[PDB]
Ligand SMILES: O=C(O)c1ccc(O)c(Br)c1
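What follows is a single chain, given as structure tokens, in the form solved without the named molecule.
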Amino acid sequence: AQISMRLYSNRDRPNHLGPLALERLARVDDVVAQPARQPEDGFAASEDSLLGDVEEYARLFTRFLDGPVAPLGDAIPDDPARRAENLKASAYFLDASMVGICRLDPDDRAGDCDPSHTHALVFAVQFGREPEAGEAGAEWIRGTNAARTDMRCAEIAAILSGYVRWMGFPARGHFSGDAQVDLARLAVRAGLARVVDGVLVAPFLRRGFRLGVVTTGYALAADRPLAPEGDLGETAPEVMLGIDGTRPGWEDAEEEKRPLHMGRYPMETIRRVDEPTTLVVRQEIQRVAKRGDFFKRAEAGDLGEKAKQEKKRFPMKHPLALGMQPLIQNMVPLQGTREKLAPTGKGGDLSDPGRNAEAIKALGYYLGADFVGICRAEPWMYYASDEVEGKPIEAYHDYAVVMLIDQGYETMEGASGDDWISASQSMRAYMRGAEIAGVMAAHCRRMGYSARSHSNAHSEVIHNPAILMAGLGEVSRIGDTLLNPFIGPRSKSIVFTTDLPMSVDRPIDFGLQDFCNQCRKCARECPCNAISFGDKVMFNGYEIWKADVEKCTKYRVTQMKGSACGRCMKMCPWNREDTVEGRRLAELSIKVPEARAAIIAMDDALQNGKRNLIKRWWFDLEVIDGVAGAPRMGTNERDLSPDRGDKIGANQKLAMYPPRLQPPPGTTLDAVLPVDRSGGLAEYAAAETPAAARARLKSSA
């Protein structure tokens, strides 16, 4: 029934080409400049609207369009064609819609622009889809598209300019809200648009778009403008069908037939159940100090000196991740309120919780979420106490809005999972989520409903049980990661809590317990053997495959041949391309139990998980002592591993750290609690089986 996905794989298409067939458009060497403006919204935004909130995050991102420049090291590639590919691939990684590069002339440097800048990276972001007339949340969104899309342009320009600054080259970001150059002119010269009746028109971006620019003296290979008159070739048969793995020409129209609140993926086709597919015993779940998060344990010294020394650095070794850091850290003060608010009367009719749910979903999809779900924020989902002052955390809000951001299939295909780009994949998703949820929570507060977002930089809730209760994933063998039937385990979640009354979603059942029970690929491929090859256990009141969080923490924080790790997400059979056959393999896994073992086995026989060298678009750069250079100890380039054989389930002994082996509630980062590994190993051997738990509970039912 869903026929918008691609027929053809993009496995041989380098990332710098992007998802659109820009290389098949008619181009010429030069065009005559003419006056032009960016697309704008058709209607005006009310005070019920989100406008003030996206404007605030744009202003925040504006502070990072310029910054300090690092010292130039010895490891930046000289070739401007290679530089151009890398930087275009970077923009597409950050979800630019269309990217091009041009030279800056003297008339461009005659304004406030740095006279050393000779090149411009120009990118467009397409307008978001908006709800139709009469749909829930239409008043929240109408008239906000240029400001919403400007926000995303500032964000991307700030990250990319900061990335070039960390490589040792001055660079400045620009967008409508703060520009030293003529954006519309540069968009024409870089080949993204043409002028129609004084307004820019971009092939393929039929909803409208906004522009961002990074100017720099980092020399880049330039592009050519579009042929100025006549048909560009956007509906040629190779383009329409997406032969090279590009977006099919009918996808826009087909997508617009789904209500915005339903998302892009057909989650309405997955079975719902009232209780999760795995046992949750709420009366037996103890709340955990934030100080027990194993990154906080590492920071405090619980895992030894090396882990402590590397804690702040480990995800910020690559210059691209360093470009994101300022945005991530400075969104934290904007996360929101814990105190009750009074309804303000803004936001339209909020009396139907079913419609409030649809409005919130539409809002998340508009802003860029891949999935949106809603659950009750149960008290046991909040941490017991904060790690800084040690004060109790209250269960202050009623609902959790959970959103998933796809970490990116095509980048992960090129990667080892634990190489130089790994943490940049995590941070992009963390950054994008934090932005979306910050805006959404601010809108709730505008309507007089208390709301706070919960980011990688500062959460007061554990995301996992909210992902489970919101019906966005099932418990997987990976352990501390939940798996979605369409994007697999390839996601970062963001949560914001709120008091806005909403209908809640239900847990999902797509057969994963049976599937993971017959598969061991993640376990086999984990560089530190942290994933369980055995059966599910009870842990702090719930059934789970408990990974060894001490082993995984130490590997991610301290391994030196990349930046952190997410290899388990890469190796999973459910991590697949968004094509007709890929979707079909997932459908079969869901609908046909007798096919699962074959799918599991063929995933290895066909070498899924092999590194695709065409997709390796990033530079292997490690910042040490403030300077980018070649990796000091090398780079992980892992391939598929052989079996551990047949008895590994019975032989592997992992350590678990339920509340009794954690720093108690009220413990702060000022105290040290050496991790009790021998006790955690014994605790795992003593864990109740889920069968025994069900038997025990039944005797009190």
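One rule holds for the numbers: they count along the sequence shown, beginning at 1.
*Asks:* Give the stretch, out of 133-141 and 539-547, with the larger mean C-alpha temperature factor in the deposited entry.
*Replies:* Per the PDB entry, the higher value belongs to 133-141.
*Asks:* Would you tell me which stretch averages the higher CA B-factor in the PDB entry, 117-125 or 456-464?
*Replies:* It is 117-125.
*Asks:* For the listed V592, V164, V372, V199, which has the peak Cα B-factor recorded in the PDB entry?
*Replies:* Most elevated C-alpha B-factor of the set, per the entry: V199.
*Asks:* Taking the Cα B-factors listed in the entry, which of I421, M403, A157, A342 comes out highest?
*Replies:* Comparing C-alpha B-factors across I421, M403, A157, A342, the maximum falls on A342.
*Asks:* Can you work out whether the C-alpha temperature factor of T411 puts it in the lowest, middle or highest third of the chain?
*Replies:* Lowest third of the chain for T411's C-alpha B-factor.
*Asks:* Check where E256 lands among this chain's C-alpha B-factors and tell me if it's the lowest, middle or highest third.
*Replies:* Ranked within chain, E256 CA B lands in the highest tercile.
*Asks:* Relative to the other modelled residues of the same chain, rank the CA B-factor of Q425 and answer lowest, middle or highest third.
*Replies:* For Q425, the deposited C-alpha B-factor lands in the lowest third.
*Asks:* Can you tell me which third, lowest, middle or highest, the CA B-factor of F295 falls into for its chain?
*Replies:* Bottom third by C-alpha B-factor.
*Asks:* Quick one: classify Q309 as lowest, middle or highest third of the chain based on its Cα B-factor.
*Replies:* Its C-alpha B-factor belongs to the highest third of this chain's values.
Keep in mind the form deposited with the named molecule bound is missing from the figure; the text below concerns it.
*Asks:* Taking the partner as it appears in the entry with it bound, which of 357-365, 310-318, 439-447, 164-172 has residues with heavy atoms within 4.5 Å of the named molecule?
*Replies:* In the other structure, the partner sits against 310-318.
*Asks:* If the cut-off is 4.5 angstroms on heavy atoms, which of these, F93, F619, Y430, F127, is the one near the named molecule in the entry with it bound?
*Replies:* Selected option: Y430.
*Asks:* Of these, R596, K492, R194, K615, which has a heavy atom no more than 4.5 Å from the named molecule in the entry with it bound?
*Replies:* Comparing distances to the named molecule in the entry with it bound, the residue within 4.5 Å is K492.
*Asks:* How about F295 - does it come within 4.5 Å of the named molecule in the entry with it bound, if we only consider non-hydrogen atoms?
*Replies:* Taking the distances in the entry with it bound, the answer for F295 is yes, it comes within 4.5 Å of the named molecule.
*Asks:* Quick one: does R189 come within 4.5 Å of the named molecule in the entry with it bound, counting heavy atoms only?
*Replies:* Although the named molecule is absent here, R189 would stay clear of it in the entry with it bound, with no heavy atoms inside 4.5 Å.
*Asks:* Considering non-hydrogen atoms and a 4.5 Å limit, does the named molecule approach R556 in the entry with it bound?
*Replies:* Contact with the named molecule, yes.
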